[PDB]
């Protein structure tokens, strides 16, 4: 295990006949050839851009690549046709290879109309190309009618990247390709499309979830099928669900907080696809996405050793731009990684020695303290490695003027290990919530986690709305309580859905749950609208809840998206009130995403 990481460009925007290349799919043929597929985009856009599905082949394990060839050719003139968003699926029992993609004419995903007739240009069709000669030549089929059991499903696309064939269970041999559909209610849902006859016929299973999008599946160590999805509702994380029936139907969808995502595609595969059911090796998954929540950047590989329950292991492969990626397992024990660096489509090859992980997921809880204080938090390491590590270390990534150190007891096979982290925060430090990184470093590899240190802010969990002048709840979720949920994506909104609703001034008052020394209020505006922004304000406080002292602070907030501080000399108070005197440009309504209170718990 000498570490290996290499890359090379396969398509470069503005070279070889297209101004833009995106949307990677990668597989290994029954004869060991690597196939890389992707869009060529004549007008640089998603469907219904007149796109082509392209393919390059490597016959030497990915070292060198042959000519760019056209699998499905778009038409830029009469009539306009596009083929976009490839996904490979190899039937390893028959040798047959499929490449799923859209067939667009007038409409893409958003515009597609109900119907399944291949001649209808108002439908985004579902196509599949089939090859029986290792991807040299292809025949083409439209399968929309076959995969549309509900005439309310007006639009669909196969998730680009690579589908799977089940190896375990009563449904062994089944081919599974994930799609996103839009139903008659307008929701985006995930669904598995599958074949039990080696691609002769395809059908849709039961749709799952809401706020879904491009999504992927993988067969777990016990033969359940794990679904991992882009979140069209923009949580900043991946969504997950599990099937016990070979991908036909799924349970409840949940967010996976250990998988940050900027709302984009990602890949998940078995590290050991031939490992037997129930084995340790069968539990190992690899994952690729952009780890940034704020841009398509910080492309990262992660590894789970427990069927995707935890993700102890991570390493950055692309610190810069990284706007799509797909993983495949190579015959030589390494992994291919076909991704978008911003320059087109790039092929990378890495091994597990490069990734450098140990299967030892660990936890550190979130902690609160005051500036000028120290606190110690416990560490719990679950050793899934099966080996002893006599001298593990813990390395923390925190503000450079803080003092942070930690330690962990030796790792033992099959056991939990304990540790600790002490944090000292200097006097004066600005109140806020501070993310802190932690890396378990061992001779056998590394694992990591993160936790939040809250400094100088009261506990929102003890706070409640004492009073508010107005709130919208009829047409949207504008609850006053939204200010104290720690989420900048949810907001208090004053009532707007009745004409008689009040205009300015507005007012929101918090019960802190108890009397505290306080010295500040932090305000965060509504993030996705500019027309209900607080401008002029006064802050008042109360020891007993009806008699208000103040203004203790006044001013005019800005249009900054970040927390804005209104500070005041320290005073004891059970209640704090924000009077919103005015809106930035005189609109009627007030919205606030967050309020936090600077004080001593």
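Positions refer to the first chain, counted from 1.
In this entry, 538-546 has the higher mean Cα B-factor, the comparison being between 44-52 and 538-546.
Just going by the entry, 499-507 versus 125-133 on mean CA temperature factor gives the higher value to 499-507.
You'll see in the entry that, of 93, 485, 150, 85, the Cα B factor peaks at 150. Across the residues 336, 390, 432, 341, the deposited record lists the maximum Cα B factor for 390. Compared with the other modelled residues of the chain, the Cα B-factor recorded for residue 14 ranks in the middle third.
Sort the modelled residues of the chain by CA B factor and residue 28 lands in the middle third. When the modelled residues of the chain are ordered by their C-alpha B factor, residue 22 lands in the lowest third. Ranked by C-alpha B-factor against the other modelled residues of its chain, residue 203 falls in the highest third. For residue 553, the recorded CA temperature factor ranks within the middle third of the chain's modelled residues.
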